[PDB]
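A.B. asks: Submitted below is the structure of interest, expressed as structure tokens.
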Amino acid sequence: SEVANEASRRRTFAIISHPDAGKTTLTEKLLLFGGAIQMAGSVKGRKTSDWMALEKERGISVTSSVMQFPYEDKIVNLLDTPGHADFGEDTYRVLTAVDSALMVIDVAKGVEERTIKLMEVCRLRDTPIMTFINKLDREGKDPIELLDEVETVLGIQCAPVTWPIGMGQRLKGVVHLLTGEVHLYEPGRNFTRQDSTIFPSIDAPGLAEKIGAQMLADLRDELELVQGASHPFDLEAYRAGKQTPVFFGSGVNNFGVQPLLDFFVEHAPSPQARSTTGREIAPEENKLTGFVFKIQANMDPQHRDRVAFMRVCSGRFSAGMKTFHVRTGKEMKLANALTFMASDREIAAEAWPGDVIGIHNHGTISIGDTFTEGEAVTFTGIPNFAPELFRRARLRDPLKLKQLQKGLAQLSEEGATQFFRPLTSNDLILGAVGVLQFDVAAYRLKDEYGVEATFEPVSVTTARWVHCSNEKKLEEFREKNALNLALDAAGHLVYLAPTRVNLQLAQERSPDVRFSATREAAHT
Ligand SMILES: Nc1nc2c(ncn2[C@@H]2O[C@H](COP(=O)(O)OP(=O)(O)O)[C@@H](O)[C@H]2O)c(=O)[nH]1
């Protein structure tokens, strides 16, 4: 069928990186291959009018959230993961609306703090991971050691697919480990199809006349070790999230990028079956389905447009179709909704399973909302994430407590911020993932709700959701740790911890108590 075909082309993925790894550099070089030259320049330019400044305050992002582009007859949906000033909870959430992930690692650094946390988010869905080691034009760690670093630190098996030849001032090129080809690193080239120097084999004549006899011999030495030690690429493993094919390159020069992109579109998974409150929803179904996973402000001179982001999981979207908002129950007509075909010639008014659409939100869409054509079904798997920045609410005029908690609880629905009411206090504690969510709730509470407020930091570092079967044994825990407990906007029990250390002690004192770092956004 027409849907099954279009879904089979889709490659929906995001990049996970520690900052300054190369995420925006490597995004540009791929937008080049998709023919999105116009967007490619604005993404590199992302490194002023008065009303756009106020819009920066309301929560818009300069870089486009979603970048779709075609490559080798596949449709590549590249969902952004803002890592800089706009880092926040939405960054963690984007990963739950993809099927595959590309990890970028600086070779000088290695695995880094943001690498580790993003990779943990991918472990939740067992998302497949591909690895690209960046910045080989400058000196860095040994590849053999960097593989063990990934393996031991990140926990995932390593199956390299390309392999470097030197690095830094001494970099000569990569060697493909499946095709046997030997791409060369050299100037004046964009490293594309016709614009590259590719030997078909290591034993091809003249290779030593190009990479030096010494470096060819040391390359034979390194391969013999990788062959008899590192594991070869097992697609079944990669698909189950238990293995990552590794690529080495130099994104700033587009070197090694294309082999990665060709390998990616060949093997990365097409849209798969997600789960709902009961039955599994396959991507080949006739009716349209999908879940809202992100809500942001859309660049608006009226400073009033919010757009909820929705990934499509079955059927076909067409501009102006009647949808079924399972929660509210009202028929919703997706009017003037947003597609993200970023290409100077290509322009498409529809979207297929794996794509993302932008539903202009007027206030009644919250995170995790499931849109269908009439089937009462509700997607599961959409998580809320344990905050990592906590602050208390500071209101100058106390006559706005009624309206403050009204605004706050709604900002929780739309994913602005989480909102915690301690069992032994009327304080209101706002958990976020990035600093920016606080300035946003500031403006939004003032602008929308008229509550001039402030957020002073508290002695809270991490939070865990609490669940336990035994009704009495939980109450022996509710009254024991009550000072450290709160309720969130959903009414779940949250252990607000002053430190990671206090939490581990808390986890051990209560052996029969579940401490989980995630929670479904559907009040359950
Ligand atoms: N030497 C070298 N520098 C790079 C490479 N890729 C990115 N950079 C540099 O890293 C800086 C910004 O990297 P960026 O793409 O913005 O990483 P991001 O912050 O994770 O998006 C720039 O100064 C780039 O010149 C590379 O392959 N080699």
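Ideal geometry is used to build each Cβ from the backbone, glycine not excepted, and the neighbour counts take in all protein chains shown. FYI, it's all coordinate maths here, none of it is from the lab.
A.B. asks: From Cα coordinates alone, what are the radius of gyration and Dmax values for segment 6-61 in angstrom?
C.D. replies: So, for segment 6-61, Rg and Dmax equal 14.7, 44 Å respectively.
A.B. asks: List the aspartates and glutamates whose Cα sits under 14 Å from the Cα of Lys141, skipping any in the same chain fewer than 8 residues away.
C.D. replies: Here the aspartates and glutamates satisfying the reach criterion relative to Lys141 are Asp106, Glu112, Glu149.
A.B. asks: Quick one: length gained pulling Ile144 to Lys74 fully straight, 0.36 nm per residue minus the C-alpha distance?
C.D. replies: Details: separation 70, 0.36 × 70 = 25.20 nm, distance 3.30 nm.
Contour length minus the Cα-Cα distance gives 21.9 nm.
A.B. asks: I would also like to ask the following. Which whole-Hz ³J(HN,Hα) couplings does segment 465-470 yield from phi under the Karplus relation 6.51 cos²θ - 1.76 cosθ + 1.60, θ = phi - 60°, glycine and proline marked x?
C.D. replies: Along segment 465-470, the couplings run 7, 10, 8, 8, 6, 4 Hz.
A.B. asks: Mind checking Rg over Rh on the chain, alpha carbons, Kirkwood formula for Rh?
C.D. replies: Here Rg/Rh amounts to 0.99.
A.B. asks: Along segment 335-347, what does the Karplus equation 6.51 cos²θ - 1.76 cosθ + 1.60 (θ = phi - 60°) give for ³J(HN,Hα), rounded to whole Hz, x for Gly and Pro?
C.D. replies: Residue by residue, segment 335-347 yields 9, 6, 4, 9, 9, 10, 6, 8, 7, 6, 9, 5, 8 Hz.
A.B. asks: Would you mind listing how long segment 120-174 runs along its three principal axes, going by Cα atoms, in whole Å with the largest first?
C.D. replies: Extents along the principal axes, in whole Å: 40, 17, 16.
A.B. asks: Quick one: which residues, 5+ away or cross-chain, put their amide H under 5 Å from the amide H of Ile75? H built at 1.01 Å from N.
C.D. replies: Here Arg10, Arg11 satisfy the definition.
A.B. asks: Run the count for segment 382-524, please: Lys pairs, Cα-Cα under 16 angstrom, 8 or more apart or on different chains. Walk me through the numbers before you get to the answer.
C.D. replies: Working: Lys400/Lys446; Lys402/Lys446; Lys406/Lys446; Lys472/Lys480.
Going through segment 382-524 pair by pair, I get 4.
A.B. asks: Shifting gears a bit: Straight-line reach from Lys287: which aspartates and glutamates fall under 20 Å, measuring Cα to Cα and dropping same-chain residues less than 8 apart?
C.D. replies: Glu2, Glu6, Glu331, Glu350, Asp355, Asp369, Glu373, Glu375
A.B. asks: May I have the convex hull volume per residue, in Å³, for the Cα set of segment 382-524?
C.D. replies: On the way: hull volume 15.1 nm³, N = 143.
Here the figure is 105 Å³ per residue.
A.B. asks: Could you tell me the ratio Rg/Rh of segment 435-492? Both radii from Cα atoms, Rh via Kirkwood.
C.D. replies: Numbers: Rg = 16.2 Å, Rh = 14.4 Å.
Computed over Cα atoms, the ratio is 1.13.
A.B. asks: Under the rule of -39500 (n - 2.57) per DSSP H run of 4 or more residues, summed and divided by the residues of the chain, what mean residue ellipticity at 222 nm is obtained, to the nearest 500 deg cm²/dmol? If you can, show how the numbers build up before the last one.
C.D. replies: Numbers: 15 runs with 138 residues, N = 524.
Only helices count here, giving -7500 deg cm²/dmol.
A.B. asks: Work through the residues other than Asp369 whose Cβ is under 11 Å from its Cβ and net out their charges, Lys, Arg +1 and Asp, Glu -1. Could you put the intermediate results ahead of the total?
C.D. replies: On the way: positive: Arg327; negative: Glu413, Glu414.
Charge balance in the 11 Å sphere: -1.
A.B. asks: Identify the GluC sites (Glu not before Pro) of segment 308-383 meeting these criteria: DSSP loop state and at most 13 other C-beta atoms within 10 Å of the C-beta.
C.D. replies: Numbers: sites: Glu331, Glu346, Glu350, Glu373, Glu375; in loops: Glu346, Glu373, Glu375.
Passing sites in segment 308-383 are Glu346.
A.B. asks: Give, in nm to one decimal, the length gained when the segment between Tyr443 and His523 is fully stretched (0.36 nm per residue of separation minus the Cα-Cα distance).
C.D. replies: Length gained between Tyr443 and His523: 26.2 nm.
A.B. asks: List every residue whose amide H lies under 5 Å from the amide H of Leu102, counting only residues 5 or more places away in sequence or on a different chain, with H placed 1.01 Å from N in the peptide plane.
C.D. replies: For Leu102, the qualifying residues are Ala14, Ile15, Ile16, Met130.
A.B. asks: Moving on to the next point. Could you size up the charge dipole of the chain around its Cα centre, putting +1 on the beta carbon of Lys and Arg and -1 on that of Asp and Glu, and report it in debye to the nearest 20?
C.D. replies: 1560 debye
A.B. asks: Here is a further query. Whose amide H sits under 5 Å from the amide H of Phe324, counting only residues 5 or more places off or on another chain, with H placed in the peptide plane?
C.D. replies: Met332, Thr372, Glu373, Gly374
A.B. asks: Now a separate question. Say the dipole of the chain comes from +1 at the beta carbon of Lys and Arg and -1 at that of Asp and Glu; which of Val435, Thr179, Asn286 then lies farthest toward its positive end?
C.D. replies: Looking along the dipole axis, the top candidate is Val435.
A.B. asks: Further, regarding this structure: Could you tally the net charge around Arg421, taking each other residue with its Cβ under 15 Å from the Cβ of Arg421, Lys/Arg +1 and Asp/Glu -1? Before the final figure, lay out the partial values.
C.D. replies: Numbers: positive: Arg391, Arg392, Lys402, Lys406, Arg478; negative: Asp427, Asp488.
Spelling it out: positives minus negatives among the neighbours equals +3.
A.B. asks: Then there is this: Cross-link candidates for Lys210: which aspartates and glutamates have Cα within less than 19 Å, leaving aside residues fewer than 8 places away along the same chain?
C.D. replies: Counting by Cα, and skipping residues close in sequence, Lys210 has these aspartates and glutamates nearby: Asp137, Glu181, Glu186, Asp195, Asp218, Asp221, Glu222.
A.B. asks: At 4 °C and 1.567 mPa s, what whole-number value in µm²/s does Stokes-Einstein give for the translational diffusion of segment 149-222, with Rh from the Kirkwood sum over Cα pairs?
C.D. replies: On the way: Rh = 13.5 Å.
Answer from the Stokes-Einstein relation: 96 µm²/s.
A.B. asks: I would also like to ask the following. If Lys and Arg each add +1 and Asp and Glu each add -1, what is the summed charge of the other residues whose beta carbon sits under 12 Å from the beta carbon of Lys480?
C.D. replies: Numbers: positive: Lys473, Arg478, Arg509; negative: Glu475, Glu476, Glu479.
In short, 0.
A.B. asks: Shifting gears a bit: As an exercise, identify the GluC sites (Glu not before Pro) in segment 70-133 lying in DSSP coil whose Cβ has no more than 14 other Cβ atoms within 10 Å.
C.D. replies: Those that pass, being in a loop and sparsely packed, are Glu72.
A.B. asks: Which trypsin sites (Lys or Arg not before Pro) in segment 361-408 pass both tests, a DSSP loop state and at most 10 other beta-carbon atoms within 10 Å?
C.D. replies: Numbers: sites: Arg391, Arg392, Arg394, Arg396, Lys400, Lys402, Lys406; in loops: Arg396.
Of the trypsin sites (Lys or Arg not before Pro), the ones in loops of segment 361-408 whose Cβ has at most 10 other Cβ atoms within 10 Å are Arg396.
A.B. asks: Report ³J(HN,Hα) in whole Hz for each residue of segment 163-174, in order, from the Karplus equation J = 6.51 cos²θ - 1.76 cosθ + 1.60 where θ = phi - 60°; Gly and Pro get x.
C.D. replies: Those phi angles translate into 9, x, 10, x, 5, x, 4, 9, 6, 10, x, 10 Hz.
A.B. asks: Alpha carbon centre of segment 380-453 versus segment 169-222: separation in Å?
C.D. replies: Answer, in whole Å: 56.
A.B. asks: How far apart, in nm, are two points set 7 Å out from the Cα along the Cα-to-Cβ line at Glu508 and at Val153?
C.D. replies: Inter-label distance under the simple model: 2.6 nm.
A.B. asks: Evaluate the distance, in nm, between pseudo-label points positioned 7 Å from the Cα of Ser8 and of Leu487 along their respective Cα→Cβ axes.
C.D. replies: It works out to 5.2 nm between the two label points.
A.B. asks: Now for a different question. Estimate the FRET efficiency between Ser64 and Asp20 by the formula 1/(1 + (r/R0)^6), using the beta-carbon distance for r and 22 Å for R0, to the nearest 0.05. Please report the intermediate quantities before stating the final value.
C.D. replies: Details: r = 21 Å, r/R0 = 0.96.
E between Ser64 and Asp20, to the nearest 0.05, is 0.55.
A.B. asks: Quick one: go through segment 500-517 and flag any residue whose amide nitrogen is under 19 Å from the point 7 Å out along the Cα-to-Cβ line of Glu471.
C.D. replies: Hits in segment 500-517 for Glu471 at 19 Å: 513-514.
A.B. asks: Give or take rounding to whole Å, what are the principal axis extents of the alpha carbon atoms in segment 182-291, in descending order?
C.D. replies: 63, 35, 22
A.B. asks: If you stretched the chain out fully between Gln403 and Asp344, how much longer would it get, using 0.36 nm times the residue separation minus the C-alpha to C-alpha distance? Could you put the intermediate results ahead of the total?
C.D. replies: Numbers: separation 59, 0.36 × 59 = 21.24 nm, distance 4.64 nm.
Roughly 16.6 nm would be gained on extension.
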